[PDB]
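[1] test case, fold it:
(one chain, ligands or ions: 6)
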Amino acid sequence: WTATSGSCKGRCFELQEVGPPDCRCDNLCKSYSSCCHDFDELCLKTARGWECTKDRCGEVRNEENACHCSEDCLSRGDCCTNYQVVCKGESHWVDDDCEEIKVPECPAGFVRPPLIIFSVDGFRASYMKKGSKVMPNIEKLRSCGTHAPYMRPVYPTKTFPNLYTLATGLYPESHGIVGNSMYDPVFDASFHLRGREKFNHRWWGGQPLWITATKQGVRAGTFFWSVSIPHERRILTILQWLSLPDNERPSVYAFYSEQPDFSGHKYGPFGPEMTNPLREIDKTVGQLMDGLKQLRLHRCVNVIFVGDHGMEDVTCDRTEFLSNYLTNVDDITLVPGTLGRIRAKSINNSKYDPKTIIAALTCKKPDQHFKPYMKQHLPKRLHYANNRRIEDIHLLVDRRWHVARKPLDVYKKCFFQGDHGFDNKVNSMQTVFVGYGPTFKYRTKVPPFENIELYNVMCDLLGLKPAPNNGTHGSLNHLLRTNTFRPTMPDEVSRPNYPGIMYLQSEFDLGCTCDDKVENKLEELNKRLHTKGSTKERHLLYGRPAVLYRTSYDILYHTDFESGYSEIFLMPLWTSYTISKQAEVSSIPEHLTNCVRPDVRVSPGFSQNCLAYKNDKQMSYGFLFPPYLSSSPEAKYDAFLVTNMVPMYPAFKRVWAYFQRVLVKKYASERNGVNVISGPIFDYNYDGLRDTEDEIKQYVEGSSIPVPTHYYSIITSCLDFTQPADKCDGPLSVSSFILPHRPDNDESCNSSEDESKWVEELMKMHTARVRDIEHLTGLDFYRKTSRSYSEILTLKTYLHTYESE
Ligand SMILES: *[C@@H]1O[C@H](CO)[C@@H](O[C@@H]2O[C@H](CO)[C@@H](O[C@@H]3O[C@H](CO[C@H]4O[C@H](CO)[C@@H](O)[C@H](O[C@H]5O[C@H](CO)[C@@H](O)[C@H](O)[C@@H]5O[C@H]5O[C@H](CO)[C@@H](O)[C@H](O)[C@@H]5O)[C@@H]4O)[C@@H](O)[C@H](O[C@H]4O[C@H](CO)[C@@H](O)[C@H](O)[C@@H]4O[C@H]4O[C@H](CO)[C@@H](O)[C@H](O)[C@@H]4O)[C@@H]3O)[C@H](O)[C@H]2NC(C)=O)[C@H](O)[C@H]1NC(C)=O
Ligand SMILES: Cc1nnn(Cc2cc(C(F)(F)F)ccc2CCC(=O)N2CCC(S(=O)(=O)c3ccc(S(N)(=O)=O)cc3F)CC2)n1
Ligand SMILES: [Ca+2]
Ligand SMILES: [K+]
Ligand code: NA
Ligand SMILES: [Zn+2]
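    Numbers count the residues shown, from 1 in each chain. Ligands and ions are numbered 1, 2, ... in the order given. Shown next is the protein structure:
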């Protein structure tokens with residue numbers, strides 16, 4: 001109930017939202033059909049348009065007017081944004097040659113520079129280039145401020161998950177808003193774009209920026225706007241609040257535009273009709289900048305211009321239908337469109353089996369424009385599994401395509417020419433970021449970065465402590481003039497043992513054979529030092545990784561590689577080695593094919609054994625340091641140590657071998673040496689975090705050898721490729737992957753062909769940031785470099801996407 005007979009006199013766009021049944025006057029009141037009778041008259045004034053004209057100068061204040069040209073207006077805060085241009089001989093902000101803003105130039109009474117966040121739905125990153133002639137104010141911001149060529153959204157690339165990620169620094173699995181549509185099985189509640197359930201606070205986790213400020217004594221303007229409040233009014237309100245007294249005036253503000261998203265759905269991202277909506281958005285930016293200039297705040301306030309996702313060409317005729325794959329199509333519910341989520345239509349139906357459904361959806365047509373996944377098998381970079389609102393079955397759809405349940409759904413709900421929601425690495429989904437103001441750099445380009453990082457920077461700009469989040473705080477210090485956050489490296493929890501030779505060959509009862517009994521004081525000392533770490537400086541370029549949990553491990557030195565061996569997990573947590581540009585691949589010799597040698601530094605009881613691999617008909621093994629790349633035939637024996645052995649399904653061995661035997665050498669040629677650090681990952685509960693001993697769901701038949709869910713590699717080299725990896729003076733260059741450790745290759749539709757026609761494509765799909773790998777392993781890399789720690793953090797968050805420019 002709304003007893004809508006209160007008034008809105010003196011309450012227009014109130015910041016404290018009042019309780020039912022008192023009628024409201026806030027910027028969300030319309031949305032909830034709850035405004036006071038008089039809200040349109042008193043708060044949605046439109047008389048005389050939005051611009052002063054010569055005749056209006058010095059007029060008599062008339063309260064019915066939308067915005068004022070009377071003399072008194074500036075103090076009251078309610079001038080038309082163009083008043084001084086028209087009435088007082090001044091220039092538009094856009095026509096002034098831009099000047100460095102070395103310090104905040106604010107009125108007295110201002111305790112910090114305020115932040116204004118100007119967010120625009122569906123503002124594709126290529127619009128900054130392709131629409132620059134029609135967008136002069138945004139063009140000024142970008143070139144005079146700090147800007148990235150693009151900003152990476154989160155998956156799925158939809159409006160709600162992305163705006164709430166910007167607000168929280170959380171992945172959608174962690175903040176709760178995993179779609180524009182959602183079913184929560186715990187509540188038995190659905191969440192939709194239309195309707196009222198999206199207003200319940202039980203959907204919205206984390207701590208968004210506005211609460212973070214409020215909780216820490218910093219006042220926030222309300223971020224949300226009802227769709228019917230025109231843009232010119234939203235701007236006027238923000239300029240009004242900025243004119244408020246020091247103890248009431250908010251320090252943070254948000255503007256939202258529904259364009260260009262709304263039109264690009266109708267006409268496609270580059271439709272000829274899209275020029276006008278870009279013209280309007282720019283003009284809205286110009287009004288704001290002229291307004292701030294009038295209040296002498298244009299060189300005080302930090303402005304952020306950011307989008308939520310981009311936009312792709314998609315039409316009705318490019319729709320895949322589950323009805324052409326499944327006989328049983330009426331027993332499933334599908335969340336459709338540019339992604340696919342499948343659950344049982346009725347949970348009473350016990351015949352429902354996701355495994356059978358995935359099978360019926362797996363490489364059935366030659367050019368299939370979607371791929372089905374158990375959510376735990378989705379690329380770990382999407383971070384889209386750990387939430388009960390994400391259905392066990394997922395369809396990643398090809399860019400440009402839709403999935404629907406049946407034809408009737410597409411022609412009984414062609415209209416749309418553009419859509420979004422695809423994989424967050426697709427170019428057409430990339431969006432924008434510009435920062436402008438005293439706390440941001442001048443005329444600076446920054447590399448591409450993820451929107452999960454912004455929450456922290458917005459806290460840094462307002463002097464707030466961030467709530468815990470998925471940002472890596474300090475990875476974006478290179479955007480800022482000052483207020484940088486200066487983090488320290490996490491302290492190492494477990495320190496490594498360095499075991500020597502303590503065990504005799506005959507103590508080991510492994511079932512492991514090896515034809516190695518092939519016997520001097522030059523070479524006997526030579527290889528002891530190798531076993532003491534004389535080549536570590538060759539293979540451990542950036543320090544050893546710190547283990548940030550409590551565990552028991554040993555550092556093992558060898559000629560060609562170094563490893564940190566886990567006594568709890570009976571295999572390495574990490575293995576480091578350097579291949580130079582000049583290096584050679586050799587075969588495995590025949591005397592060694594199925595050879596495994598005991599490691600005399602590591603007890604039998606902390607070692608794997610070949611008999612378990614023999615007895616496990618499903619499982620086989622591989623090596624982390626590839627025997628293929630050993631330096632010399634004496635050194636190749638070291639690669640066959642039981643402590644370099646890991647469990648590998650045969651299916652995945654085709655992948656591993658291809659990477660180990662072909663790709664590493666290629667990268668070493670292309671990049672002028674590479675450092676490589678590889679290991680296993682265990683994420684049986686798909687939280688993207690390192691599993692403990694007791695979360696491991698699978699061991700090799702009849703042993704304590706745990707089975708990885710994935711395998712990672714971090715490939716590092718010099719950014720200036722003229723210097724080789726082992727001798728690099730400047731910034732570094734990295735690419736990493738987290739490959740799923742799967743018993744078949746159903747994920748790769750060309751997998752019956754030669755590995756050169758599919759493996760490199762699989763790796764690309766499972767590209768990763770070093771920081772993803774850190775969370776999953778409980779390690780911290782790049783501890784000892786000449787580089788600054790903020791530059792290392794930036795490097796750690798980097799993702800190699802394999803998309804063209
Ligand atoms: C991305 O960044 C985020 C932000 O930090 C990371 O997420 C965190 O991960 C932490 C570790 O997994 C997790 O810490 C846990 O907190 C539990 C209490 O949580 C409540 O309070 C916090 C703080 O205010 C709040 O933020 C939480 O909000 C979650 O839940 C609500 C549901 O109402 C959602 O609205 C909200 O979106 C959020 O959901 C998300 O997180 C939860 C996990 O907490 C997921 O389940 C959801 O799917 C979703 O992703 C909560 O309201 C606390 O219970 C945990 O402690 C258990 O385990 C420890 C082991 O050390 C043990 O000591 C405790 O006793 C306890 O176990 C007991 O309870 C168990 C269940 O009954 C039982 O199994 C045991 O036997 C015991 O009885 C734990 O400390 C933290 O909450 C989340 N935060 C968020 C916001 O998600 C995320 O990891 C980052 N991602 C990456 C890749 O790095
Ligand atoms: C979604 C979402 N998540 N966070 N935002 C705010 C936002 C953030 C950031 C930015 F960039 F800074 F983070 C910038 C800008 C915004 C404003 C977004 C906006 O104005 N709209 C239109 C109205 C819809 S709504 O009507 O569906 C709606 C949803 C939730 C809530 S609640 N329960 O949390 O109060 C009430 C509500 F009215 C949401 C999108 N929107
Ligand atoms: Ca885990
Ligand atoms: K086997
Ligand atoms: Na296949
Ligand atoms: Zn949209």
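[2] from now on I want contacts and neighbour counts done on CA atoms only, so please keep to that.
    Will do.
[3] can you give me the strands in the stretch 601-750 of the chain?
    When assigned using DSSP state E, counting those that start in this stretch, the strands of the stretch 601-750 of the chain occupy the ranges 620-623, 645-648, 674-681, 710-718, 732-740.
[4] among those strands, which comes closest to residue 550?
    With distances scored as Cα to Cα, the stretch of the strands of the stretch 601-750 of the chain nearest to residue 550 is strand 674-681 (16.8 Å).
[5] give me the nearest residue to residue 755, chain neighbours excluded.
    residue 658 (6.7 Å; Cα to Cα, 6 or more residues apart in numbering).
[6] what's around that neighbour, how many residues?
    17 (other Cα atoms under 10 Å).
[7] what segments of the stretch 251-400 of the chain are helices?
    261-267, 275-294, 354-360 (DSSP state H, counting those that start in this stretch).
[8] state the phi and psi torsions of residue 350.
    phi -80, psi -10 (degrees, to the nearest 10).
[9] that one: neighbouring residues, count only.
    8.
[10] the residue nearest to residue 755 is in contact with residue 757, isn't it?
    No: in this structure residue 658 lies outside contact range of residue 757 using Cα atoms under 8 Å: 11.0 Å.
[11] get me the contact residues on this protein for ligand 1.
    Proximity of the chain to ligand 1, by Cα under 6 Å from any ligand atom, involves residues 170, 173-176, 204-206, 386-387, 468-470, 688-689, 775.
[12] please redo it, this time with the cut-off set to 5 Å
    173-176, 205-206, 386-387, 468-470, 688 (Cα under 5 Å from any ligand atom).
[13] could you dump those to a markdown table with secondary structure and distance to residue 416?
    Formatted as a markdown table, the residues of the chain next to ligand 1 follow (DSSP: H, G, I helix; E, B strand; the rest coil; distance: Cα to Cα, whole Å):
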| residue | secondary structure | distance to residue 416 |
| --- | --- | --- |
| 173 | helix | 29 |
| 174 | helix | 31 |
| 175 | helix | 30 |
| 176 | coil | 28 |
| 205 | coil | 32 |
| 206 | coil | 34 |
| 386 | coil | 32 |
| 387 | coil | 31 |
| 468 | coil | 39 |
| 469 | coil | 36 |
| 470 | coil | 34 |
| 688 | coil | 36 |
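[14] distance of residue 548 from ligand 4?
    34 Å (Cα to the ion, to the nearest Å).
[15] picking up where we left off before, of the strands of the stretch 601-750 of the chain, which is nearest residue 101?
    The closest of those to residue 101 is strand 732-740. By Cα to Cα, the value is 31.5 Å.
[16] quick one: is the very next helix or strand once past that closest one near ligand 5?
    Proceeding N to C from strand 732-740, the next assigned helix or strand is helix 759-765, under DSSP states H and E. No: applying Cα under 5 Å from the ion, one finds helix 759-765 separated from ligand 5 by no less than 11.3 Å.
[17] residues making contact with helix 759-765?
    For helix 759-765, the surrounding residues in contact (Cα atoms under 8 Å, 6 or more residues apart in numbering) are 379, 655, 658-659, 737, 739, 748, 801-802.
[18] before we move on, back to that, out of the helices of the stretch 251-400 of the chain, nearest to ligand 2?
    Nearest to ligand 2, of all the helices of the stretch 251-400 of the chain, is helix 261-267, at 12.3 Å by Cα to the nearest ligand atom.
[19] can you list the buried residues in that closest one?
    Across helix 261-267, burial judged by 16 or more other Cα atoms under 10 Å covers 261, 263-267.
[20] and of those residues, the nearest to ligand 3?
    residue 261 (36.6 Å; Cα to the ion).
[21] I'd like the distance between the nearest residue to the closest one once chain neighbours are set aside and ligand 3.
    Ranked by Cα to Cα, 6+ apart and with sequence neighbours excluded, the top spatial neighbour of residue 261 is residue 122, at 4.2 Å. Note on residue 122: its distance to ligand 3, by Cα to the ion, is 34 Å.
[22] kindly report the same for residue 88.
    With Cα to the ion as the criterion, residue 88 and ligand 3 are 64 Å apart.
[23] over to residue 395?
    23 Å.
[24] go ahead and confirm that residue touches residue 373.
    Yes: counting by Cα under 8 Å, residue 373 is a contact partner of residue 395 at 6.2 Å.
[25] higher neighbour count, these two?
    Shown here are residue 395 and residue 373; by other Cα under 10 Å, residue 395 has more neighbours (25 against 21).
[26] and the residue in the stretch 1-150 of the chain positioned nearest to ligand 3, how many residues sit next to it?
    Of the stretch 1-150 of the chain, the residue with the smallest distance to ligand 3, taken as Cα to the ion, is residue 150 at 31.2 Å. Residues near residue 150, counting by other Cα under 10 Å, number 24.
[27] tell me who's in contact with it.
    125, 430-433, 448-449.
[28] right, and ligand 4 sits closest to which residue of the stretch 301-450 of the chain?
    Taking Cα to the ion, the stretch 301-450 of the chain has residue 377 as its residue nearest ligand 4, at 23.2 Å.
[29] who touches that residue in this structure?
    So residue 377 contacts residue 740 (Cα under 8 Å, 6+ apart).
[30] and what of residue 474?
    Counting by Cα under 8 Å, 6+ apart, residue 474 has contacts 484-487, 790, 793-794.
[31] sorry, back to before: just put the contacts of helix 759-765 in a markdown table and tack on distance to residue 110.
    Output for those, formatted as a markdown table (distance: Cα to Cα, whole Å):
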| residue | distance to residue 110 |
| --- | --- |
| 379 | 47 |
| 655 | 60 |
| 658 | 61 |
| 659 | 58 |
| 737 | 47 |
| 739 | 52 |
| 748 | 59 |
| 801 | 43 |
| 802 | 46 |
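[32] buried ones only from those, please, as a ChimeraX command.
    Only the buried entries of the contacts of helix 759-765 go into this ChimeraX selection, using 16+ other Cα under 10 Å:
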select :379,655,658,659,737,739,748,801
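[33] any idea how far residue 310 is from the residue of the stretch 1-150 of the chain at minimum distance from ligand 4?
    Ligand 4 sits closest to residue 150 of the stretch 1-150 of the chain, with a gap of 47.3 Å, by Cα to the ion. Residue 150 sits 10 Å away from residue 310, going by Cα to Cα, to the nearest Å.
[34] anything in contact with each of the two?
    The contact lists of residue 150 and residue 310 share 125, 430-431, where a contact means Cα under 8 Å, 6+ apart.
[35] tell me the contacts of residue 500?
    Here residue 500 is in contact with 600-601 (criterion: Cα under 8 Å, 6+ apart).
[36] does it lie in a helix or a strand, and which?
    Applying DSSP H and E as the criterion places residue 500 outside every helix and strand.
[37] list phi and psi for residue 626.
    According to degrees, to the nearest 10, residue 626 has phi -70, psi 120.
[38] actually residue 418, not the one I typed
    Dihedral angles for residue 418 - degrees, to the nearest 10 - are phi -150, psi 150.
[39] tally up the residues packed near it, please.
    Other residues close to residue 418 by other Cα under 10 Å number 23.
[40] what's it in contact with, if anything?
    264-269, 311-315.
[41] and it, how far from residue 428?
    11 Å.
[42] next: residue 776.
    Separation of residue 776 from residue 428 (Cα to Cα): 29 Å.
[43] cool, and residue 566?
    43 Å.
[44] re the thing from before, so which of the contacts of residue 418 reach ligand 5?
    Counting by Cα under 5 Å from the ion, no member of the contacts of residue 418 is near ligand 5.
[45] still on that earlier bit, to ligand 4, which of the strands of the stretch 601-750 of the chain lies closest?
    Per Cα to the ion, nearest to ligand 4 of those: strand 620-623, 4.4 Å.
[46] in the closest one, what's buried?
    Buried-residue list, strand 620-623, by 16+ other Cα under 10 Å: 620, 622-623.
[47] check the residues you listed one by one and keep those near ligand 4.
    Among these, the ones lying near ligand 4 by Cα under 5 Å from the ion are residue 620.
[48] can you redo the buried residues of strand 620-623 as a markdown table with distance to residue 612?
    Formatted as a markdown table, these follow (distance: Cα to Cα, whole Å):
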| residue | distance to residue 612 |
| --- | --- |
| 620 | 9 |
| 622 | 14 |
| 623 | 16 |
